[PDB]
>>> print(open('target_19.pdb').read())   # PDB, C-alpha atoms
ATOM      1  CA  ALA M   1      -6.930  18.629  39.077
ATOM      2  CA  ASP M   2      -3.680  16.922  38.155
ATOM      3  CA  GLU M   3      -1.906  19.537  36.072
ATOM      4  CA  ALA M   4       1.209  17.434  35.628
ATOM      5  CA  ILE M   5      -0.822  15.491  33.092
ATOM      6  CA  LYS M   6      -2.245  18.340  31.048
ATOM      7  CA  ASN M   7       1.222  19.859  31.072
ATOM      8  CA  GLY M   8       3.146  16.657  30.466
ATOM      9  CA  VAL M   9       0.714  15.658  27.744
ATOM     10  CA  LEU M  10       1.167  19.032  26.091
ATOM     11  CA  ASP M  11       4.886  19.002  26.794
ATOM     12  CA  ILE M  12       4.985  15.640  25.059
ATOM     13  CA  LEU M  13       2.969  17.195  22.258
ATOM     14  CA  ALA M  14       5.292  20.096  21.542
ATOM     15  CA  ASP M  15       8.140  17.620  21.838
ATOM     16  CA  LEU M  16       6.352  15.298  19.443
ATOM     17  CA  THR M  17       6.140  17.911  16.713
ATOM     18  CA  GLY M  18       9.345  19.575  17.849
ATOM     19  CA  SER M  19       7.830  23.038  17.639
ATOM     20  CA  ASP M  20       6.065  25.396  20.016
ATOM     21  CA  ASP M  21       3.085  25.467  17.682
ATOM     22  CA  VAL M  22       0.996  22.902  19.519
ATOM     23  CA  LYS M  23       2.283  24.295  22.794
ATOM     24  CA  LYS M  24      -0.265  27.022  22.162
ATOM     25  CA  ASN M  25      -2.823  26.047  19.549
ATOM     26  CA  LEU M  26      -5.193  23.536  21.098
ATOM     27  CA  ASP M  27      -6.486  22.465  17.705
ATOM     28  CA  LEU M  28      -3.348  22.118  15.619
ATOM     29  CA  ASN M  29      -4.011  19.113  13.415
ATOM     30  CA  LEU M  30      -1.092  16.863  14.277
ATOM     31  CA  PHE M  31      -1.766  15.315  10.889
ATOM     32  CA  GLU M  32      -2.998  18.127   8.677
ATOM     33  CA  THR M  33       0.010  20.032   9.964
ATOM     34  CA  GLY M  34       2.403  17.245   9.052
ATOM     35  CA  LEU M  35       3.796  17.570  12.556
ATOM     36  CA  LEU M  36       2.942  13.922  13.088
ATOM     37  CA  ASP M  37       3.433  10.897  10.866
ATOM     38  CA  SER M  38       2.711   7.698  12.755
ATOM     39  CA  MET M  39       5.700   6.626  14.816
ATOM     40  CA  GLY M  40       5.209   9.762  16.878
ATOM     41  CA  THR M  41       1.783   8.694  18.078
ATOM     42  CA  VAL M  42       3.242   5.302  18.909
ATOM     43  CA  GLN M  43       5.916   6.852  21.093
ATOM     44  CA  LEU M  44       3.601   9.382  22.695
ATOM     45  CA  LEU M  45       1.457   6.378  23.535
ATOM     46  CA  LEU M  46       4.427   4.836  25.303
ATOM     47  CA  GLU M  47       4.605   7.995  27.377
ATOM     48  CA  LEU M  48       0.841   8.094  27.766
ATOM     49  CA  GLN M  49       1.000   4.529  29.024
ATOM     50  CA  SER M  50       3.646   5.294  31.621
ATOM     51  CA  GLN M  51       2.954   8.655  33.220
ATOM     52  CA  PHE M  52      -0.748   8.311  32.507
ATOM     53  CA  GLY M  53      -0.910   4.577  31.901
ATOM     54  CA  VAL M  54      -3.494   5.145  29.194
ATOM     55  CA  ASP M  55      -5.068   2.244  27.343
ATOM     56  CA  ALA M  56      -5.741   3.648  23.892
ATOM     57  CA  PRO M  57      -5.943   1.476  20.768
ATOM     58  CA  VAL M  58      -3.290   1.356  18.071
ATOM     59  CA  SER M  59      -4.366  -1.263  15.559
ATOM     60  CA  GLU M  60      -6.508   1.572  14.257
ATOM     61  CA  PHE M  61      -7.342   4.260  16.788
ATOM     62  CA  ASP M  62      -9.490   7.292  16.068
ATOM     63  CA  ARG M  63      -6.876   9.538  14.501
ATOM     64  CA  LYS M  64      -9.636  12.114  14.780
ATOM     65  CA  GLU M  65      -9.099  12.017  18.525
ATOM     66  CA  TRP M  66      -5.347  11.697  18.144
ATOM     67  CA  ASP M  67      -5.351  14.394  15.488
ATOM     68  CA  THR M  68      -5.498  17.337  17.864
ATOM     69  CA  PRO M  69      -3.873  18.070  21.230
ATOM     70  CA  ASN M  70      -7.201  18.894  22.834
ATOM     71  CA  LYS M  71      -8.837  15.722  21.574
ATOM     72  CA  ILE M  72      -5.883  13.904  23.090
ATOM     73  CA  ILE M  73      -5.672  15.941  26.273
ATOM     74  CA  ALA M  74      -9.247  14.770  26.682
ATOM     75  CA  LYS M  75      -8.446  11.190  25.748
ATOM     76  CA  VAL M  76      -5.853  11.284  28.504
ATOM     77  CA  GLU M  77      -8.345  12.672  30.992
ATOM     78  CA  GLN M  78     -10.933  10.130  29.910
ATOM     79  CA  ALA M  79      -8.464   7.375  30.713
ATOM     80  CA  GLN M  80      -7.306   8.134  34.236
TER      81      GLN M  80
END
>>> encode(input="target_19.pdb", output="structure tokens")
Amino acid sequence: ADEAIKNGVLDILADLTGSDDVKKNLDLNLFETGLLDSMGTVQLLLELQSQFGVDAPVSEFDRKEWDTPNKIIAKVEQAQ
């Protein structure tokens, strides 16, 4: 279906890290890779709450789900 989401989400991912590593790998630990820190997820959320209008937690989300791009790409699909 909507591919502007899977793309945008990913596009926002590669942009998040700043490398074309996640642009491919669909299991690149955004944490174990050091590509992410914390503020990144916050921002991405801002973008995931605008183009996707997601409603994910922050106080203490499941980094496990926000650890990978796939886990997220799914979290975005399980929000629409």
>>> closest_residue(input="target_19.pdb", among="M:35, M:16, M:48, M:58", to="residue 73 (chain M)", atoms="only C-alpha atoms")
M:48
>>> closest_residue(input="target_19.pdb", among="M:41, M:68, M:23, M:32", to="residue 8 (chain M)", atoms="only C-alpha atoms")
M:23
>>> resolve_selection(input="target_19.pdb", expression="the PyMOL selection byres ((chain M and resi 13) around 8)", output="PyMOL selection string")
chain M and resi 9-12+14-17+22-23+44+69
>>> write_last_selection(input="target_19.pdb", atoms="C-alpha atoms", output="compact mmCIF listing (two decimals), keeping the file's coordinate frame")
# COMPACT_ATOMS: atom_id res chain seq x y z
CA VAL M 9 0.71 15.66 27.74
CA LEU M 10 1.17 19.03 26.09
CA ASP M 11 4.89 19.00 26.79
CA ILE M 12 4.99 15.64 25.06
CA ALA M 14 5.29 20.10 21.54
CA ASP M 15 8.14 17.62 21.84
CA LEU M 16 6.35 15.30 19.44
CA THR M 17 6.14 17.91 16.71
CA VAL M 22 1.00 22.90 19.52
CA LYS M 23 2.28 24.30 22.79
CA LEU M 44 3.60 9.38 22.70
CA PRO M 69 -3.87 18.07 21.23
>>> closest_residue(input="target_19.pdb", among="M:56, M:42, M:36, M:76", to="residue 5 (chain M)", atoms="only C-alpha atoms")
M:76
>>> atom_distance(input="target_19.pdb", atom1="CA of residue 21 (chain M)", atom2="CA of residue 60 (chain M)")
26.0 Å
>>> closest_residue(input="target_19.pdb", among="M:80, M:43, M:70, M:59", to="residue 2 (chain M)", atoms="only C-alpha atoms")
M:80
>>> atom_distance(input="target_19.pdb", atom1="CA of residue 1 (chain M)", atom2="CA of residue 18 (chain M)")
26.8 Å
>>> atom_distance(input="target_19.pdb", atom1="CA of residue 31 (chain M)", atom2="CA of residue 67 (chain M)")
5.9 Å
>>> closest_residue(input="target_19.pdb", among="M:78, M:38, M:51, M:7", to="residue 63 (chain M)", atoms="all atoms listed in the file")
M:38
